[PDB]
Amino acid sequence: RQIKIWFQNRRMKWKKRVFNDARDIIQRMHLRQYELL
């Protein structure tokens, strides 16, 4: 968790993996993937 460490949550993506998420459809948030489900 520790999501309240906004003042210490950068190493979680020091620019290098971000482009990955954004490299999907909607940063992987507005997705849906209604596959076989």
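Determination of this PDB entry was carried out by solution NMR, according to the record.

Novice: Can you walk me through the overall build of the chain in this structure?
Specialist: Summing up its helical and strand segments, the chain has one helix and zero strands in all. Each principal axis of the C-alpha distribution contributes one length, and for the chain these read about 40 × 20 × 15 Å. A burial count over the chain gives 0% of its 37 residues as buried. As displayed, the chain has an accessible area near 4700 Å², and 54% of this comes from carbon and sulfur atoms.

Cut-offs used in this document
- Residues numbered from 1 in each chain as written, not as in the entry; some residues may be left out.
- Heavy atoms only, no water.
- Helix = DSSP H or I, 4+ residues; strand = E, 2+ residues; numbered from the N terminus.
- Buried < 20%, exposed > 50% of the residue type's maximum accessible area, 1.4 Å probe, protein only.
- Areas by Shrake-Rupley, 256 points an atom, 1.4 Å probe, with all protein chains shown as cover.

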